[PDB]
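Below you'll find only one chain, the form deposited in one PDB entry, shown as structure tokens.
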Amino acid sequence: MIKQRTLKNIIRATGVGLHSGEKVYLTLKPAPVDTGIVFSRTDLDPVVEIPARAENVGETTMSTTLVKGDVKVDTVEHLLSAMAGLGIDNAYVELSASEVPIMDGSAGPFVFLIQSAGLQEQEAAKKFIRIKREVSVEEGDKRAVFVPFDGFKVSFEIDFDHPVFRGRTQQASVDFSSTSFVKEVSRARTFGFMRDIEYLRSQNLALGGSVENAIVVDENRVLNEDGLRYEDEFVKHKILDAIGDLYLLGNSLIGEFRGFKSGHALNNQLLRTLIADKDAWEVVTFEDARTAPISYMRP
């Protein structure tokens, strides 16, 4: 059967919250079968735990925030993208503060730390959500869609209206059967356009933001002296964001996501609409990994 996965060993990391600018200590711990991904604020007494599920999303402004009463875990999307790309079902994510550390702005450091610790298969069938019907949400010129597909693929189209894109929309499609999340998506960084800076300022956001954790773009060019990691790094990062948000479903997807100028807000509306429409999805397991429409790396 395709089995559930956890971490083989504990992972420790330190860094800064993109939004908060706070120093944060992160611990990823193995978790039992059917735990899912659970964030824990260990700075609070008692400890406050928030399952990484669509129902716990409280804010979708420039990040995905989990909320339980007055308690937040901000910017979950890049870490959750890492745990989706590595097929992790069960893990405790402990944080000493309100935000996941930004690291280099990408999922790269997370996939490296996790794959350094290793994964552990568990004696329970991995549960998948299979898309059975098309599910579409729009608002204005933004759209986000689930389409039936015997695999997992993400398509994204952005029109950022900026010289750096040379009058073209940026588009990419990745099928994770045939294409490496690790090599082709995980290294795509957070980006900040200087034209958004008075907005971020106005909102007291991106307090931890610098060239160390984001592609910084002025009116014309990437200012990062070492340039881009991918020719299309902006749209590859949008794909990374969407994989992170999609993992709030609580199970790996069998289907296709299409985004059209979509972001955290519309991604989370799509999830809510999918969950609500039980005609459009079912939970499936695979007794034979050889005949399933997806596969995983050795643990």
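Heads up, when I say rigid core I mean the largest set of C-alphas that superpose within 1.5 Å between the two forms. Heads up: residue numbers just count along the shown sequence, starting at 1.
Keep in mind that the form deposited in another entry is missing from the display, and what follows is about it.
A.B. asks: After fitting the rigid core, tell me which of 96, 136, 180, 169 has its Cα displaced by at least 2 Å between the shown form and the other one.
C.D. replies: Comparing both forms, the shifted residue turns out to be 169.
A.B. asks: Aligned on the rigid core, do the two forms place the Cα of residue 127 2 Å or more apart, comparing between the shown form and the other one?
C.D. replies: Residue 127: C-alpha displaced by less than 2 Å between the shown form and the other one.
A.B. asks: Determine, after fitting the two forms on their core, whether residue 205 shows a C-alpha shift of 2 Å or more between the shown form and the other one.
C.D. replies: Superposed on the core, residue 205 moves its C-alpha 2 Å or more between the shown form and the other one.
A.B. asks: Between the shown chain and the other structure, the Cα gap of residue 104 to residue 198 differs by 3 Å or more. Is it closer or farther in the other entry?
C.D. replies: Compared with the shown chain, residue 104-residue 198 is closer in the other entry.
A.B. asks: Knowing the Cα distance between residue 203 and residue 260 changes 3 Å or more in the other entry, does it shrink or grow relative to here?
C.D. replies: Relative to the displayed form, residue 203 and residue 260 move farther apart in the other entry - a change of at least 3 Å between their C-alphas.
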